[PDB]
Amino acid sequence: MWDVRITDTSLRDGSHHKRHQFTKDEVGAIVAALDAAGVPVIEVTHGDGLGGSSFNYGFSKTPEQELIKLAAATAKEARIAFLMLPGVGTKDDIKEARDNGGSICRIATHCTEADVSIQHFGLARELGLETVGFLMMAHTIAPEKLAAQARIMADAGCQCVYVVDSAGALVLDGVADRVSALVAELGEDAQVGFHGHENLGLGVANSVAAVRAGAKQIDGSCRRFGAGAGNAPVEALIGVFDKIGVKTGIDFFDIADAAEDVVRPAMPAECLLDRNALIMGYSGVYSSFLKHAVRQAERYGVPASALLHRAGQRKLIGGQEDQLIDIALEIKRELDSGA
């Protein structure tokens, strides 16, 4: 069937790049195209998971639950996954997503905070959902520490724990060391996954490193459709996996056509490895901060690059886009005061 199971997150992580403006027509077209190409798991949610639609992360044009529902009615072979963050989404949201056809529940916490998800994994399994756990911002802690947090998720019912390079900050061996540490700790209890960003231009290769280190699930997005400089492009993951003898069950030519003809037109522009993204990757900044930093930069007349650098220095983590406003005002205050 496959050596590695690919999850496409064009319709979840890509929601960041889309600024959560997806329509039913876009989701339906994309789900169908990916499904037909052989993609076994398609993630659909607000960029910040269930309950993400907000002032803080950006309002959805279309309620995510309707999009999940449409995705589940569209896909013939692919399973629909959805993301939720404890502290943002709730168990009630997970049950609602399940009722709408979602069958894979991906629960994400900051990499040091796995213990807040224990009840969520328990509920998800009781609802008959397959479980995946995300340890976000995984570059911020050492492999052995990450493995202990993975063990917490595993013990709670998690079937696959992901090393998640949220900031696109990991380089090659940094991914391998983390993946291997989780494999060594989890053994037969859970699979290990990797989900990387492209902020240092290493999305595809980091994913290869993860696979060689023992990862059995890999995230990408068609056309890189995702936060920051994007996610690993699935069409390229497939091309590369074909050449290195990693079976995915996805047809390279079909997924390339989907990426080009179906996914791309739904994007407001390409995902760029621009100065802002590079800064995030260099500074360890959570990728979804990108378009919020650009927004605050316009609002307050300060450079987005500066907001992003300072977010790094402040050690902000996933979910803290609100602090970008405080950073903007801090810059305006220092400019007036001359401090």
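Note that residue numbering begins at 1 and tracks the sequence as displayed.
- When the two stretches 282 to 290 and 32 to 40 are set side by side, the higher mean Cα temperature factor goes to 32 to 40.
- Taking only CA atoms, the mean B-factor in the PDB entry is higher for 72 to 80 than for the other of 131 to 139 and 72 to 80.
- Highest CA B-factor among the listed residues (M153, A213, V163, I94): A213.
- Per the deposited record, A184 carries the highest C-alpha B-factor of all listed residues (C105, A184, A169, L85).
- In this PDB entry, the Cα temperature factor of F253 sits in the top third of its chain's modelled residues, the highest group.
- Looking at the C-alpha B-factors along this chain, the one for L273 belongs to the middle third.
- Ranked by Cα temperature factor within the chain, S60 sits in the lowest third according to the deposited record.
- When all modelled residues of the chain are sorted by CA temperature factor, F194 is found within the lowest third.
- Sorting the modelled residues of the chain by their CA temperature factor places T45 in the lowest third.
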